[PDB]
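J.: Enclosed are the sequence and the experimentally obtained structure.
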Amino acid sequence: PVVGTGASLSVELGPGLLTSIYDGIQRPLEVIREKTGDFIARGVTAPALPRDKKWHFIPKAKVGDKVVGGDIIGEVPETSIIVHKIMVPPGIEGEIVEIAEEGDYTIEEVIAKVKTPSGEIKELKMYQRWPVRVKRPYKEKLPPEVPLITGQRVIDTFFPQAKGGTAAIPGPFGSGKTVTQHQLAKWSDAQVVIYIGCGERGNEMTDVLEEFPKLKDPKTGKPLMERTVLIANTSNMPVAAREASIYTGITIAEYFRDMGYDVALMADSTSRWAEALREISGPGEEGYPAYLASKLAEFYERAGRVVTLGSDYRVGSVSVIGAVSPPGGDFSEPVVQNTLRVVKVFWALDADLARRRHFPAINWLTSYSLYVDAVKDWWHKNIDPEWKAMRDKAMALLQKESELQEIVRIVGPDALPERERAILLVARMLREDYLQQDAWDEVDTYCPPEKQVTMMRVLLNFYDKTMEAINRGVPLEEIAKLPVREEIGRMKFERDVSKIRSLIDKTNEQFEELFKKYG
């Protein structure tokens, strides 16, 4: 229902992308013009990558080296965090005949010449151009297998994102109702963040214009912008550029994955229109809803972990987290349905949970991840052989709690058996001691994989001992008051995993005494 491609719409890709703040068409901040329709339009002002800046170029190749598209011919330290890798653009191959020496150069300088097989000489710069609407090529899209570690317990355990995977999360990123969205940006083990911030004037002038060039990258000490590219998506810009933005972003992200980096693309969305600008502008025309659904599907299809172009075996990824914000908070709308149809992960940020101050406000019954089986082996091999068994078991606990609560909604709690009360006690411990995480605490703001599984073992072991105890006639009141219980509640604030781990033996001992006091 749109039978056409484009009219030359591209991005520049080379040193100077980091720290930059662009609009939907890679044009720097405060530069204001128009665009419309299916093909190109007009412009005048700004250049994408700084033309005056001097970048330090370390050569990686020597005259006589055979190269191919994607081969790394030099290094440029772009920020204190990120070394930029200079790449033979895709579709170019041959022998290096001319290569720059260790030196300082602007991005327009030729740093290499490549004699193609037929004899043609090609001139290479530190940057390249790429049409945002064609996916940058690669050798092989690898199947989902390694998780993107966010350090958020509820996500990493129950609703994992794979590196190169696709995830959706409710509402605008700028919501002050939740901080998980920000945790994702700063703690995910992607080296580079491509952020598409969509900010509507009101309670937010923009998606904090100044706090971002001041927000700390907690992994290094330097600011997050030194490993970030910000694309702004505001109301004061043409709706055509807003539309183009996620293609600008993902192309840039693909470019970084091509270097061997893991990249996280976060695409913000707003309660703006949906039904406006559709079938009829405002049948007569033709059926149309389906078409843009597949346009969005193809965009999400551009996420992935790849073997990159190049002579060396090299892997990079683009992981996509897309915000979802339906016109009336309906979540039956088209925007939600279309997105949820292609994404493999949905993290159900939940108002009721936020109201109750259960943080990470992620609803553990309505969230999902189709990557669980895909990542289990990474967990089993590197972290804990029982990872998968332990999460399934914990989810079963939470499912059971849910069913029990529904019945208690109908008959009250008075006829609850000790067993059911025991399940509720441990499900409560799961919710409070594991699902909940303190984003504001210097220790609990991030939870290494190692600590995640140890915390889960402590809890599941308390569960086993509890059900055993109940099977031996130990009253639940005694168990509810076991001293270790209170220690288990505070383990998320412990930095030393071995002290956490020791809660296991301590749990075992306390229950043994309880077996001495009864049997």
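T.: In hand now; what should we look at? Numbering: from 1, shown residues only.
J.: Could you list every helix and strand in contact with the host helix or strand of residue 508?
T.: Using DSSP states H and E, residue 508 falls within helix 503-517. Helix 503-517 is packed against helix 449-471, helix 476-480, helix 483-489, with contacts defined by 3 or more CB pairs under 8 Å, 6 or more residues apart in numbering; DSSP states H and E. In this view, the C-beta of every residue, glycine as well, is placed from N, C-alpha and C.
J.: for those helices, which one ends up most surrounded?
T.: helix 449-471 (a mean of 20; mean count of other CB atoms under 10 Å).
J.: Determine the angle, from 0 to 180 degrees, between it and helix 503-517.
T.: Here the directions of helix 449-471 and helix 503-517 differ by 10 degrees (axes from the mean of the first three to the mean of the last three CA atoms, to 10 degrees).
J.: how about helix 449-471 as CSV, C-alpha atoms only?
T.: Backbone C-alpha positions of helix 449-471 (Å, rounded to 0.1, in the frame of the first residue of the first chain) are rendered in CSV as follows:
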residue,chain,number,x,y,z
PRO,A,449,24.5,-12.9,37.5
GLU,A,450,26.5,-14.7,40.2
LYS,A,451,24.6,-13.0,43.0
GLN,A,452,21.2,-13.5,41.2
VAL,A,453,21.5,-17.3,41.3
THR,A,454,22.9,-17.4,44.8
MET,A,455,20.0,-15.3,46.1
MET,A,456,17.7,-17.7,44.3
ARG,A,457,19.3,-20.7,45.9
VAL,A,458,18.9,-19.2,49.3
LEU,A,459,15.2,-18.6,48.7
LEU,A,460,14.4,-22.0,47.0
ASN,A,461,16.3,-23.8,49.8
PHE,A,462,14.2,-22.0,52.4
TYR,A,463,11.2,-23.2,50.4
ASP,A,464,12.3,-26.8,50.4
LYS,A,465,13.1,-26.6,54.2
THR,A,466,9.7,-24.9,54.8
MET,A,467,7.6,-27.6,53.0
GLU,A,468,9.7,-30.4,54.7
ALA,A,469,9.1,-28.6,58.1
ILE,A,470,5.4,-28.4,57.5
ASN,A,471,5.4,-32.1,56.5
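J.: now it, how far from the centre of its chain.
T.: 29 Å (CA atoms, centre = their mean, to the nearest Å).
J.: next one: stretch 446-458
T.: On CA atoms, centre = their mean, the centre of stretch 446-458 falls 20 Å from the chain's centre.
J.: Can you check which helix is longest in this structure?
T.: For the chain, the helix that runs over the most residues, judged by DSSP state H, is helix 387-411.
J.: Isn't residue 36 up against residue 238?
T.: Yes - Residue 36 lies in contact with residue 238 (CB atoms under 8 Å); the separation is 7.0 Å.
J.: Which one's more surrounded, the two?
T.: More neighbours surround residue 238 than the other of residue 36 and residue 238, with 17 against 12 (other CB atoms under 10 Å).
J.: how much space between that one and residue 382?
T.: 47 Å (CB to CB, to the nearest Å).
J.: got it, and residue 428?
T.: Counting by CB to CB, the separation of residue 428 from residue 382 is 31 Å.
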